[PDB]
Structure formats: structure tokens, C-alpha cells
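Student: Quick one, fold the following:
(7 chains)
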Amino acid sequence: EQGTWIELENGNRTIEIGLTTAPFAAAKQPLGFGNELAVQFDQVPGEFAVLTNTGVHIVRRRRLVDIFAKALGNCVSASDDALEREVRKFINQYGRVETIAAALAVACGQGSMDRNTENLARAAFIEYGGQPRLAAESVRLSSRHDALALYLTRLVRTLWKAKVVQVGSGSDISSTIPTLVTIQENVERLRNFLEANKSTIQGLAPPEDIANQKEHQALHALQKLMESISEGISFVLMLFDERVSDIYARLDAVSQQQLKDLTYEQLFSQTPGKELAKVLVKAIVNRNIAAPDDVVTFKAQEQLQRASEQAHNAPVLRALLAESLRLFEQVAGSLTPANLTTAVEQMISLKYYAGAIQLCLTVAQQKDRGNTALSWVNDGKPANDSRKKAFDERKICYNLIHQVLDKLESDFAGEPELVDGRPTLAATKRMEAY
Amino acid sequence: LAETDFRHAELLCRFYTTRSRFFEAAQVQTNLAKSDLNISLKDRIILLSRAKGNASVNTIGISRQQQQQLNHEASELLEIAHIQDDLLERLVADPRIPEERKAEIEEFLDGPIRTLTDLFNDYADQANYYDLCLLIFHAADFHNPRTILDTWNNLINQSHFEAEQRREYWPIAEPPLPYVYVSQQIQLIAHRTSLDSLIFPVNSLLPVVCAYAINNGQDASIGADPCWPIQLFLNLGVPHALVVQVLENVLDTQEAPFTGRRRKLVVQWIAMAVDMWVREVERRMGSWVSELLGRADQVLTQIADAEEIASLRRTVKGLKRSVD
Amino acid sequence: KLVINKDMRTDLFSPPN
Amino acid sequence: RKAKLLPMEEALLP
Amino acid sequence: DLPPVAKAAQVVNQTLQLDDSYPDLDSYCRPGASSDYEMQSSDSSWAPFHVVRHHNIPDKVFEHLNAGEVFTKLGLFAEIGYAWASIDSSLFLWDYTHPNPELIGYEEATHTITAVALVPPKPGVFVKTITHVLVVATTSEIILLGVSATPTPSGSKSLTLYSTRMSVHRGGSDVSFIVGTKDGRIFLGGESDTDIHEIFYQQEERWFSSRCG
Amino acid sequence: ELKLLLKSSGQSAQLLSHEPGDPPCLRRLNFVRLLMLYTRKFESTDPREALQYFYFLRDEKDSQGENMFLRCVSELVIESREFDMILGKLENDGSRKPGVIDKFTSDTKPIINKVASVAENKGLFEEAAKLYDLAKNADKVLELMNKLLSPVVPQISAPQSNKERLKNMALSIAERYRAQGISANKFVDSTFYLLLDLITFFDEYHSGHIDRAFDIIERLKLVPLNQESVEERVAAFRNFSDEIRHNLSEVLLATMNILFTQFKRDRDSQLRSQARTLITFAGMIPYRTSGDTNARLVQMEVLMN
Amino acid sequence: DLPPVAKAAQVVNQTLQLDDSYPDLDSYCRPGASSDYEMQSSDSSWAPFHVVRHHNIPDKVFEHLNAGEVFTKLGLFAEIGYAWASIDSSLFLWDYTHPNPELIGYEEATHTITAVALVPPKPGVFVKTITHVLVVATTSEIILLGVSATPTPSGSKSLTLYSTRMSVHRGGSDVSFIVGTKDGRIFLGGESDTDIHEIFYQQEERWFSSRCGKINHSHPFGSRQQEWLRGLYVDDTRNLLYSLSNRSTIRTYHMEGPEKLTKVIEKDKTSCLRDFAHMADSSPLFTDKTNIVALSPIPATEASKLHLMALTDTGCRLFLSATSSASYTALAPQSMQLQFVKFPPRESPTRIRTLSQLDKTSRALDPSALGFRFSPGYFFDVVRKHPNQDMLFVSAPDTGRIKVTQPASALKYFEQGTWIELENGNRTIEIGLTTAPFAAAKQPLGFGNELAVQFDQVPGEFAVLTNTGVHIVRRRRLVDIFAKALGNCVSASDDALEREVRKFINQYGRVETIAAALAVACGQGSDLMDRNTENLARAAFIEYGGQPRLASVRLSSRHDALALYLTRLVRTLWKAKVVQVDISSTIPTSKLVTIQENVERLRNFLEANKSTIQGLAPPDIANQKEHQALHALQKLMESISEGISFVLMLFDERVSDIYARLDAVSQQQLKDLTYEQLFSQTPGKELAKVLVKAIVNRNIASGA
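Tutor: Residues are numbered from 1 along each chain as shown, chains lettered A, B, ... in the order given. Next up is the structure itself:
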């Protein structure tokens, strides 16, 4: 135990003592329950109201980072080998890893001149972080690495294994909006500290060797997780900033059920999570329309969606259509069969036959500029060959062209090619298309 | 009583400000910071910071000119006092300095506000505090394009070194990669300079940062965003129309390090910049941008990562459509 | 008003007297 | 426009 | 083998398991005894706790306290940041976080107040805007009041009292201790004996029962 | 529709003409003009029918590249102002009931911006916001919503006022933008939620809920209250949206008048210290009506002592 | 005894080791908890992230989306810059980086699409030009499509689709989650149950086996209660697969073989809560009412013990370790334990700029709806406090403070954080990495050193997909922050710079700060006024670089900064072999060019300021060794440039031809020649003199 005596100035009798903050709990079972260290960035430190006959005194629990920061505050004016002395006290009690994790935290603005203290914490994180070594292939990473993994973990512990959303029929977010922002701000602070000291942190800059190399690899991995964590949170905040359940209602079931049991861990560090994020953003992009390649494709869908939402103004409709086609063609080579089909169908509905056909041809030519398809047909289409793919991607475009021409003769079934002498509008679209 | 007691001049300033004679208060707060009285420098920073506020709003009876005449004077001194404070703070914590001299400095600096000449020569320039040297140039309206640029180069290199030594050591927490710390030291000036054209000349500084990003290999090799020099300046408030105007000038001259197959990276910058430009117009430029993106495409064929280039050409031709 | 004078300064890295 | 699906013959070897 | 963010996620998972393996109370308080302390001076940078602020009792209750004839008592509602003082048959609440607090008084009580407590309400009895129930025990009755401690808007919870028309005879056994459960059960005890009493209360009026027992 | 009509390439020609590079015995019809005339008659009060005829122009463009059908729908919406009917009404619950144009093309993102773009150019911000919000273009919605809020931040929110009618739409856009996880760039977005907090700060201030209003301003960390925060808060003001710096004058005075009232009701030292802080901040900040404001702030601090 | 370049090479080797000693994640996330944050306004120059551009969803996609009869869905393919939208039985892909994209439509499917994913292909199955496999899951079947995402001149992948005849009937279990492994294995899960399926496929058709098959790895039977999945997550570095259930149960599966999947750990929320209760700091932010909304695997390259991050709906990041029962027979873990918790920050987002115990009670991230983590710890949290507007909390490790912290026992999970606001109506759907995965080293020590890789790999960028568009968020480096901050000091005093510089020194230390100034002075960060910023950076490098002193000498921080910057410019080269034997070059030529340009710009900077920079001009013992040390570094720089030019010259010829007509000893010497030896050791110089003497001989045979 750690203890102290508090004297509230004489003549007043204590009457009652009550908890003002939320009840402490680091875990939901006895194991892990009392770990104050794990929650010093999730939970407010415990505050206690002490009622006497003269007033209420407020008593606050002090965390590791609070003690470490104030102790460093006593080393500012003091010596050089006085810091080493003060740090060893912490090491002999909390252990090297816990101690360095505290220094990292204080360097990042956690803690109770404050600049001198933060610089001192930074200095401790550098000079006392240890180094990687091999055991008895296998390497034991530095305490500096363990400290970093420890600090990062504690920032995301509330949400890591948590489901991203809650579903009753189309609704809620598991972790509150304001807490995700703070978690994000905390992580971005950490990232910033790493970059702002890329030069002086050992293992961050590029590099006995196997030790320092695997140290360098492990630190790199941690940093990629952080930016992934930041992106992931930035993504979930974007979800609930738009009309969410509207997307959900108009989803699959595998897409609906993948989102149901999606954890933050999966979003942060697993492929199925990235894939679903892509599905979701794709949905909100093809709805406001309802990488300069992935950006343009969205604007094109937005242009085409607005065209269909019109009262038919040759100027406005033609403009939107013409531009939509302009954009799609710029990203022809990247268009997926699903996006191409929907686009063509929308253009067909707006009587933009020629335009639709021109897009399909362009897409066919861009997914195969070497004409692997022409040679594969000129060679008799040998099975087991790998130009088939190139031919298939053109056949999907050619089929869609059939649908356009089909719908054209259908839409204009019974329409005359000439009225009062000159050609109609239905005739000119037939000529323009063909 | 204000003439010989700081804590009584405090009330006289409070007396005026409850009555809403704001100018008369800033008039005393400023005249008090310039005084010969025993007042700490950090208090004089408060005085000038309050004086700048009290002289920012109209007060009944006092002119607009005399109001700004006092706000400008107070603001100038506050900028200087902030340099002097940040300077002293760093000099005292500088291991390179003897503990005997540090006391001699602290007595001289920790009080009245000295001239930028005194702050630069006997202190800032000697210690090779390149960042604070630039703040002095800005605060002094220092007209010289070269020395401003030479100081920027030294500030970038010294910053890159401090960050690479740290990364080599890891040092309590994982330090940042070099360009991150370099990026921090520019942002710190950018907000603090308020983006004056003299000490922050994008015409020259952006090529320097882009050159540093190549000559020191701060790119995809270490997991960095290859377009981090563009991302830096755009987010700092530099106009899109200017950034693309500079990258245009870089892509044609082909002065080193912007030569050979490294120009593949110049086009990536141009794609990012222009892309962020059309996305900022479609959210809310002429022939010369279309002339460039098409000319940027010759570079990618002239260089023909076989799939990276191919994918990049289709990002350029996408932007050419978005502008025309 | 700034005037650089590298000529005669005071050694920032040497004590006084 | 429905995406052109090039054949399996090109896709898979040999 | 494994990509970067996947390797890191493994370290994170293991690290999470390390923190969640912090020893349980049973395993460091095993049968036996201990006197293990590291004492710290109150002003030390190592102090495990410290005083952060004090809030003086407002003068308007010091006046009422000295106006007391027979009985006075003080108490705390720390979970909503309120304190209270009873003077004979009168009760006064106030927010101690506030610098110039208003007194919320309840002087309907006819007999001396002996205990008061703040308890969760029974579900499905009151409107949702009622966060708590205020139990006031006198030498004659146990009185229930509705309470809304909604957070308007800056420091502590703005507080309003609501009458309920729920009261029980106190009976022969003094009430000095009132405690409440998560689900709004109210238990009573005191200094006359060891018996534990419970207060039931209901929404409906029934002919055979009562709203409050 | 039978590829028999000879359309006139140029749209600047007369209704009937003979192309210069064609034989003299054939003539050409300016089909685009033909439909444009017929439509103007019943395009004003019969939009639905007009669109049916505009569709035949889907296959044609103009000199500027716009799709003729899309342009005709833009002009028909600018004139008729039939947004709910033709474009689909986006209710304040998050639904988008499709419009009549949805039948003809599914890519309705451009025209909704076209129509939103002009109405924006005609100072009709309250409409341009509803239209941009219909296309889920939050970059523009929040931009315009910043302009409509800043003037009304310190105003008195009274029944049916222009504050209520704008605040209530902004909140209906805050929920639908959080429940759907939508957001513009942090600059536009940060300012938008910041104004919403300030609007709450004055709505509590004008109601006399001094304690509650003081707590809100404290969270925002916009005005320093302890001398240590002055340096950082002053630097932040430099890069905060001018829609915020505009209302700095009224914020300082309300906050001061808040401390001012609480003083007349140790604590005295604490209010006195905070009073000072506001002054020094205002002294170092050049802002709107800094003259009258800095003076009043100093007077209110003198009465405290 | 030891010449200049060999002395400077010694400094490089020791600097490389210093960067590779950056603390590993386990070391600063030790058992316990943390709430350490420094929050930055999003408009501040110190912001750790910022939005660089946005891409609206194409209008045609809005037309299809509002034409949806029953079901719609959006998603991201951030690896290739593509997004997708499904409408009932139709799918549409598009390049979101393109300003006016064309929609790649695919409408062969007969039933509603419920999931879509882009995974790697199975090796030895498809033509090499097929870069990915597109998995499309409907309510009736799963469909595989070949994909070729070849880059274009514009910088955005060209996407073409190939049919495969590969498909399998779905069955009774919904498919909402699809993930792929590095080797092309495809795993499936959904909202019907917790079972995990795998899709197999092969090139050859057999009479006893189809080209495409599906199996249930869970082998369920008997009594089963209601429970389904919220997500699937892969970690190739450990051959693990994780699932998260709607009851917040975490299941770990191990791939003991190319076709096997074995469940090895099952940890329910009660177990997590029990671990949490045994920790010193318990909190009301994590109870039996709390939900885990997302997981994020942590790879073995980043950390040995910590395997997984779990995010609660209250915003707590739970970091879990996993351990095997033994040390030998990949080895499967058998236990998982909650070890460390990062609690939420306290500062909420504000329009106006507002002004040491463990904070375990903050509600700032409550509720957290979506969460993502990317190495080395970039964290994105979608906070949904209001049902219309999402708020994005984004944080990174404070790499600068972590690197300087001393001793190791003082290490904590320091973070830099910020709030990015999305406009009203923006609902975030997904967030994905657009750049290459971050890695500063190949093992936990050194892995997270952002500072070391500032100039070797572009800053990380992340695509945030919403229902209205795609927003690009970019990580900011120290040099980006330093340059931006100095840009604000252009119009200020001599003391204004010194004040801003002192902020950097207190966080990053003097060496890292001066190295950033040197980098900015050399044009780093300018790929984003600029002459004045670079001149300010020069002024900071001179004025605050320190000086040499007697303790054997302690060189100035200006010298260490130059050594640190130079080392990081060549860290990918130094210890690498020059060649790979058909002989080729280990380092791509394009990378050698940029490195050389960076070294030369550094040299050019020193020459243009030989008169104003202390130590360059000749000067008592302290300044002497300062001059000698700086001289040695400059001799190494020119040697580096000469060495790189020599390698480029070599491969412009026909090296394999030269290598053939060569003696064995010289073939062996060239086989294991490193760049360090070429730059700083006589044998590299002697061998270089042999190769030049040999290339000209060959050049004469070609006789061009």
C-alpha cells in the first residue's frame, strides 16, 4: 500500500466521505479489476468529497503519470545525474516498462513550467528506454518498444474488442461520439510525438543488427497501426455523420451481418474490415450521386444521379450527362462491372444511348491496351490461357452495348423516322448511337 | 502610485476597464511594460497581451488612429517579448552553455524587453537557434531573400538530424520519423509568422522542402506519404493556385534533385495538388493547368514500378478532364 | 530595426571576467 | 455500361 | 509472413491480456496478515492523494443551524454534488460546487428529521425525468419525494423536488440509517433495535392495499 | 425516333435551314429549338409533362458540354422552383423521397449541385443549404450554415424568429450528420459545431441560467480563464474561422457579464482572477469593436473590487 | 589511424542502431492503464492529421442508390483507390481519385448482394497480370471475379474484370464479412451465426471435385444460442484469424495449415471484465452493459505480446496479449488476457479555442460507433453523440516524446490527438489505408520510429468513406509541423521564433528539432513564403544548434543533427547488398536517384552557408574536433554520391556480361558487397576501381 496523512485545518470534525466520480473498475471480473494503471487515460481519477462541519473538502487520487510528472518538475533546476536518480526510484517500484510508458505519456501532455517537464519526460524516454537484444532466431525488444505498445493499448482498450455498432432495427453506435474524438486526439498526439522526434528516438530512423533491425520493424508496425486507428475512427465518425440506417436498410444480408459483428480490432487490422469499410463508403458515394481515380468515379456517379433527378432541361440535363461521361472515361480502366452496369442503365433511362455506348467501348479499350483479346481470338481461344480474362472484361462491355441498342429500338417502337419532312428526335438518337 | 508600484498600476488599469475606458488602460499597460520598474518578462507578456486586447476595440471618445497606433505598438513588443521569453527558456536549458554564463543571461533577459539586435547577435545566432532567428527576421521586417532561405535550410537540416538521432536511439516513447519533426518546426513558424511572404516564400521554400524530401529520402521507403511536402503546405493555408504554380516551375527546369526518374515523384505531387484543388472547387486555374497535366504525362511516358506509372497516368488524364 | 554585427560579440560559451 | 468480362482462358494458366 | 498492422494487433491483444491479468484481491489478501506500507508526506510529489479544493458551508444555513432548538444534522449526496442540513423539522439542500448556492428547502415535515437519503427510483412508477427519490425519516413519518437532478447546464445538476403523496407511519423503531438498491428497494434501520424495515411503494391506488407500505 | 429526321448540328441556326456542305434539295430542322419552343408554353405549371419531352434531348449536348436533358432540368427547376416535386424532398428525418427526374437518370448529383449552385450565387443560402443537403454535399451545407449562424449567434432566440428557424434546421442537420457519420473538412466542420455550442451559450445566457451558461463556455476553451492558458488561446484565435472571430466581442461581454452577475451574489478572488484573464486576452486580440468592448470589460472588473 | 569517411561511417552505424532502438509497443503499453494526451486544434500547425481533399460520390451512383427497392450498401477498396456501391443485385465500382469517373457496372448477380471484398489471389492459379480477386456474396451464392488493377499515367489503377466460372451456393448462413489472407485464402462470416466458412478454388477441373468449394470450419451441432458476428480480422504475421460477436465475444483461430482452421481461444466479455477487475484501475466506462464495437489486429512485427486492440462503445481501447502454453511444436496461442487500457481523452471539440492522475471517467468518445487502428498506432474513432453528425477523433503515438523518454521504466503511451469535424449529414461508413503499410523496422524494437522514415516513405494517408463522399486524411510528420509553425513566424520577432522552437525542443529534444530545421532548410516538406520558411529554418539551424564542449568531447547538437539527417537519408542503403545474383540491383534505380538528390541538396546547403555555419570554416580542442567531425561527414556525403553514381553507371551497361568475364574472388567480393563498404572501406574502392577497369573493356567491345 501507499499511504499519507491529510490534515484539514483543525477545529472541524469529519462527518461523511462520499465518491463524487463514477465507481472504479478496470475489468468486469476479479482478475484485472484493480489495475489503476490500465485506466489512467480512460477514467477520471477518483475524487472524494469530505464533509466536515465547516465545509466540503475535495480529495483526488493521483495516478502514476501525475506522480511522474511532478517528480520531474523537481528535476528542472536540479542536476543531470539527479534525473537518473529520480527515475531509478520509479523503476525499482513500477518496473522499467511501466516507468518508460509514464515518461511517454507525460511527453504527450498527460499529467496533472510544463514545457520543461515534458522535455524532461522525453529525455527519460530516450536515455533510459534500453535496447533490443537477442535471447537464447529470437529477439527481445527494448523497454522503449514495450512502453509504446503499452501506452497505445491503454488508449484504445475500451473499444478494441467492442462492436462498432448496435442494431435493434437500424440505429446505434457502441462507443459514444465524444469519446471516439478524445481517443483519436490522444492517438494523434502519440503519432505526432514520434514524428517530431524521428531523429533522436532510437529505432525510428533506419539502422547486433538482427536485434536493431527487428526493433525497427516492430516500431514501424506499431506506427502503421496508429494511423490505421486514426483512419478507422475518422471513418466511423463519418458514418454516423451521414444517414446511416438508410444505408443499412438498403444493404445485403452478408453486408448487413458483417457490419453487425464488426469489431474495432477488425476494422483496424484485418482485411474483411477494410473490405467492408470500402463497401460502406462506396454506398454513401453512390447515393449523393443518386486517389484521383477513386474520387472522380464518385463525382461521376453524383453527376449522373443529379441528371436523373431533373425536370429535363436540355442545358442542365445535357450538361450533367456530358460531364458524367467525361468523368467516367477518365477512370475507364478502373471501373468495375457493377459500377459500369448501373451507370449505363441510368444513362439509358435518360435517353443517352450514344453516350452509354461510348463509355462501354472506352472501358473495353482501357482494360486491354495490348489487345490480348484480339490475339486470343485470332489464336482460336486456347483454353487454359490467361488472356481469357482480358476478353471477358471486354465482353461485359459489349453485352451492355447490346442492351443499349435493344432498349433504343424498344423505347422508339412505333415512332416515325420523319415528321412533317425533317427528322424527329427519336430518329437522330438512333443515328447518333449507330 | 502606479508610477512606483506595479500592483497599484494594476488597479488603475482595472479602474479604467470597468468604466470601459479601454484605450486608457492599454495606454498604461503598454507604458508599464516599457517601464524601468522591476517587472518580470512573463508579466510584461501579460501586460502587452492585455494591452493588445484593450486597444483592439473602440472606446468612446478616442480616435480610430490613436487606437490602432497603440495596438500596433503593443503587438510589436509582444511579438518581441515572446521571442525573448522563448529564447531565454531555451538558452537556460542549453547544455552547450556554461552555468556561469546562464546566470549572466537570465538577469539581462528576464526583465525589460531588449532590442532584436541584442537578441539576435549576442544570443540567438550564436547558439544556432535557427527557428528563433527566423521569428526575429519576421518581427524585424528583415528584407533579404537569401539569408532568410539560408536560415531555412539550416533549420531543416538541424531538425532532420535531431529526429534521426532520436529514431536511431529508440528516448522514452517511439520518436517521430524525420520529416514529421521537420514538419512540426515549419508549422510552428507558419502559425507564429502568420505566413508573411518575406520569411515564408513558397516561391523558394517549397522547392527546398521538396528537395529535402528527396535528398534525405523521406518517402515511401520509411512508410511516409510521398506527397507529404504538398500535404504540409496546403494544410498550412497556402493557396492551391500557388502550389501548382510552383510544381509547374519545378517540372520544367529539371534542376537537381528534380531530375531523371525522380520526376515521377514530381508528377505525383502535381496530381495530389491539382486533385485537392478541383475537389476544393467542386466542394465550393485555366489553360495553364491543362497544359501542365498533359505535359506531366509526357514525363510518365518518357520515364516508361511499371504498374505504378500506368496507374498514375490514368490519374493525370482524369484531372485533365476535370479542369477542361 | 535590426542590425547584424558578427564582428564584436560576447562569447556565449565562455564565462565573464 | 456493363463491364466487359474477359474470358477465363486468359485469367487462369496454363 | 504477417503484414505490419497485423503483427502490431497481436502485440496489442497480448498486452490487453497482460493488463487483464492484474492480480485479484483474493490472491494478495490470502489468509494471514500484513503491515506493508510505504508512507508519503502529504506535500510530497509521491503522495497517493491530495486535497484539490474546499467549499465552505453557505452562511444562510449557519444561521439556521444556530436557530436549532433540539436537533441538527449534516450529510452528503456526493454522487450529484449536493449536501444537506436538517434543523428540527426542516430540511435544506444545496450544491456545494456552486459558489453562491441557492437553498432548496423542504419544511413540510411536522416532526424532527432523523435521517435522509438519496435513492434510485423503482422502475415504472414515475416519469422518466425523475432521477432519484428523496427519503426523509422523521420521528413520526417516512416521507418520499421525487427528485430530478438534470444537468442544467455548467457545473452541478439543477435540482427540483416533487411531492408524491407517499408517507408511512414511522412506528416504534427509530430510523437513523436509510439505504437503497439498484432497483429502488428502500431499507431502514436505527438505534432502537436491530430490526430491518423495507418501504414498498406503488403506482396504483388499490382498494385492498395502499400506494405506500 | 426512326433515324429519319435530319437534325441541325448547330443550335444557333434558324428552325429550317440547308447546311452549307449539303445538297440544296434537302433541308434540316433545328430539333433542339423545336422542342424548346413547345416546352416553354407548358413548362411553367406542368413540369412533369415537360420532362417527358426533354428526354428526347438526352442524346444531344451543347457547346459547353452539358447534357441537354440535364441542362433543361436545371433551367426548369431554377424557374419553376418545384424542388420537392422534381428533385425529391429530403425530409428532416433522413429520408430522400425520389423525385420525377429520378426515373430518367440515377446520377442526380450534378444537377442538384447546379440548382444548388445558382441559388447559392443568388444569396439564397437557406435554400442552397437544403439543396446541397439533398445531395449530401456537407462541404457546402456546413459552409453556408456557418454564414447563416454567425450573424444570429448573440441574438435573442424567440418564437418564430430567424434564430429559431435557423438553429432548429442546424440541429436537424447536426443529428442527421452524426447518426449517419457525415462531416466536411475539419475547418468547416469544427466551426459548424462550435457555433452550435455558442448558440447554446447565448440561449442560456439570455434566459438567466448563468451557472449553466458559464459551464458551456468553459468547455469550449475559447476564452481563457486562467492566466496560464492566455498564450495558447491567443494563438488559436489566429486560425479560427472569421465567423467565430466576428462574435468574439459579444462572447467576452456575456462571459464578463456572467462573472459580473455572479460576483454580486476564496470565490471572490477566483472571479477577480478570471476577470483579469478576459481583459488581457482581449487586450492581445485585435477584433471587432475592440474599442467599446475592451473599455466595458475593464469597467466591469473595477466594480468587482 | 582511422580516416575521415571511416570515422563518419562509425557515426552512421551508431545512429542507425539508435533509431532501431525506438521502444516497442509492449514496452510503453505495459500492464496498467494510461490517459496521456496532448490535444491539438484541427486548424493548428501542430495537428497530427488533417484533411487534404474530398471526392464526392458520382451523381449516377446517387441515381441508382435512390432507385433502391430493398437494400443498398457502400464500401472502400482503399488499397487501389476505388469505392463501390451495391444496389439490390447490382454492383458499381469507380475510381474516387478521378474527377469524373466512369462506373464499372456488374449486374450478372441474380439475388441481393450482401458483401463485397477485394482480396489477393491464390498463387499459381491465375495469370500474373491478375492482381486481385473480387468476392461478391449474395443471399444465394458467392461469386469470384478476377481483377487486374494496373497503374495508369495519372496515378490511379485501371480496373478490368475477368470471369472465372468459380462460384458456390451460399447455404443458410448470411455472409456480411469477407476477409483475405496474404496467400489468397478467403474466409466468410455473417449475421446468422458465429460460424466461419472458407472458399477453396483451383485451376483444374476434376471429375471428383469442382473448381470451387466451400466448407464450414466451425463444425457446429447440438444446442446453440443466438449469437452472430460483427466483424472478421486477419493477422498474416501470426497466421491468426479473429472474429467479434454481437455479445462482444472474441474468438481466435489459427491456420495450422494451408487448408486448416482451428479455434484456439474463446474469450467472452465476462472474461475481459474479470481481467479488468484485477487491474489496479477499474472504471465505470467498462461494465457488463458495455459493448465491444471493433477489433484491430496488432502484427508480430510491431509487438510480441500484445496481439489485439478492442474498442468499447465508451471509447476505451483494450489491448490484449496472447500466449502459447509451450515454446515449440507457426505456434498457436491458447490464452488471451486484457493487459493494458488506454482511456479516452477529456477535451471535446469546440468552435472557439478553449483554454496528472489517471483519467478513467471521460465521456468524450461516448458513444463510439466505429473504430480503426493502423500501425504504428494511428487511431480513428467515429463518435456519434448526435444522430445526424459524426465527429472524428484521430490520434497518433507521440513518437517524439516516446523516443526521448528516459529511463525505460518511465515509458507511457503518450499520444497527440485532434478532432476532425464532418459536415451535417456525413455518416462515416469505412476508413482504409491508401498508402503502403507503415514499418520503420522488421521487429518490434525500432518498428514505430516515425522520425526515422520521414524521408523514405510518404506520410500515411487514409480514405474516410461517408454517405456523401471520400475524404482523404494525411498524417503530418515533424518536418511538416516544423515548417508550418515556422511559416507563422515569418511575420514576427527574433524572440517569436525562439519561443516556437522551444516548444519543439521540450517535446522532441534539441537534436531532433535541429534536424527538422536542417531538413526544412533543405526543402523537405516543400512538396506541399517557402523561401522565407527555408530561410527561417536556416536561421534556426545556426542560432540554436549549440556548440562543442569538453566532458573525449561532446559535439554540438548541430553536428548530431547533420549525422541524424544524413543517416536517415541512406538507412535503406547502408547495410544492404549492392547486387542480387542474371545479376540485378538490390535497390531500385529510381530510389537511388532520389537518395542521391537528397544527399546533394544537403551538400549544396552546407556549401552555400560555409561562412555562416559554425564548424564548417576552420577555427580550442572542442571546436577542433567539431571541425574534424563535420569535415568527415561531408567527405562521406561526396563519397555516398560517388558510390551511387558508380552503381547507376554499372547497371546502365550489361553487368551480367561483365560478371561472367570475371574471376571468382571478384565475383564473391561483389556478391557480398554492401553500400557501407562501397562508401567507406578501401575494399569497396579497390573493387570499384576493378569494375570500372572492366566495364570500359566491355564498352569497347560494344564500341558505341
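
Student: Spatially nearest residue to the residue in the stretch 51-200 of chain F that chain E sits nearest to (excluding sequence neighbours)?
Tutor: In the stretch 51-200 of chain F, the residue that lies nearest chain E is residue F:200 (8.2 Å; Cβ to the nearest Cβ). All C-beta atoms are positioned from the backbone trio N, CA, C, and that covers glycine. Using Cβ to Cβ, 6 or more residues apart in numbering or on different chains and skipping residues adjacent in sequence, the residue nearest residue F:200 is residue F:216, 5.9 Å away.

Student: So the one you found is in contact with residue F:203, correct?
Tutor: No: using Cβ atoms under 8 Å, residue F:216 is not in contact with residue F:203, being 9.7 Å away.

Student: any shared contact partners between those two?
Tutor: Residues touching both residue F:216 and residue F:203 by Cβ atoms under 8 Å, 6 or more residues apart in numbering or on different chains: none at all.

Student: Surely residue A:32 touches residue E:17?
Tutor: No: checked against Cβ under 8 Å, the pair residue A:32 and residue E:17 is beyond contact range at 9.1 Å.

Student: which residues are common contacts for those two?
Tutor: The contact lists of residue A:32 and residue E:17 share G:275, G:337, G:338, where a contact means Cβ under 8 Å, 6+ apart.

Student: show me what contacts the first one?
Tutor: The neighbours of residue G:275, taking Cβ under 8 Å, 6+ apart as the test, are A:27, A:29, A:31-32, E:16-17, E:19-22, G:337-339.

Student: Same list, the residues you listed, but as CSV with secondary structure please.
Tutor: Formatted as CSV, the contacts of residue G:275 follow (DSSP: H, G, I helix; E, B strand; the rest coil):
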residue, secondary structure
A:27, coil
A:29, coil
A:31, coil
A:32, strand
E:16, helix
E:17, helix
E:19, helix
E:20, coil
E:21, coil
E:22, coil
G:337, strand
G:338, strand
G:339, strand
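
Student: can you redo these as TSV with neighbour count and distance to residue G:638?
Tutor: Formatted as TSV, those follow (neighbours: other Cβ atoms under 10 Å in any protein chain shown; distance: Cβ to Cβ, whole Å):
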residue	neighbour count	distance to residue G:638
A:27	35	60
A:29	21	64
A:31	26	61
A:32	39	58
E:16	45	51
E:17	33	53
E:19	39	52
E:20	38	56
E:21	23	56
E:22	32	57
G:337	28	55
G:338	44	55
G:339	40	50
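
Student: so how far is stretch B:288-308 from its chain's centroid?
Tutor: Put simply, stretch B:288-308 sits 33 Å off its chain's centre (Cα atoms, centre = their mean, to the nearest Å).

Student: Stretch F:257-273 spans what distance, first to last residue?
Tutor: Distance between the two ends of stretch F:257-273: 15 Å, counting by Cα to Cα, to the nearest Å.

Student: Quick check: buried residues in that stretch?
Tutor: By neighbour count on 16 or more other Cβ atoms under 10 Å in any protein chain shown, the buried set for stretch F:257-273 is F:258, F:259, F:260, F:262, F:263, F:271, F:272.

Student: ok, of the contacts of residue G:275, which one's closest to residue G:43?
Tutor: Taking Cβ to Cβ as the measure, residue G:43 sits nearest to residue E:16 out of the contacts of residue G:275, at 34.4 Å.

Student: Now do the same contact list for residue 17.
Tutor: Because you didn't say which chain, this covers chain A. A:48, A:49, A:50, A:51, E:76.

Student: Chain E, not that one
Tutor: G:275, G:305, G:307, G:320, G:321, G:322, G:323, G:335, G:336, G:337, G:338, G:339 are the contacts of residue E:17 under Cβ under 8 Å, 6+ apart.

Student: which of those lies closest to chain B?
Tutor: Of the contacts of residue E:17, the one sitting nearest to chain B (Cβ to the nearest Cβ) turns out to be residue G:305, at 16.3 Å.

Student: Tell me the spacing between residue B:205 and chain F.
Tutor: 19 Å (Cβ to the nearest Cβ, to the nearest Å).

Student: Just give me the neighbour total for that residue.
Tutor: Residue B:205 has 39 neighbours, counted by other Cβ atoms under 10 Å in any protein chain shown.

Student: so what's it up against?
Tutor: B:149, B:152, G:483, G:520, G:523, G:526, G:529-535 are the contacts of residue B:205 under Cβ under 8 Å, 6+ apart.

Student: can you count the residues close to the closest residue to it other than its chain neighbours?
Tutor: Nearest residue to residue B:205 in three dimensions, chain neighbours excluded: residue G:530, at 2.4 Å (Cβ to Cβ, 6+ apart). Per other Cβ under 10 Å, the neighbour tally for residue G:530 reads 34.

Student: Beta-bridge partners for residue G:530, please?
Tutor: As for beta bridges, residue G:530 partners with residue B:201 under DSSP bridges.
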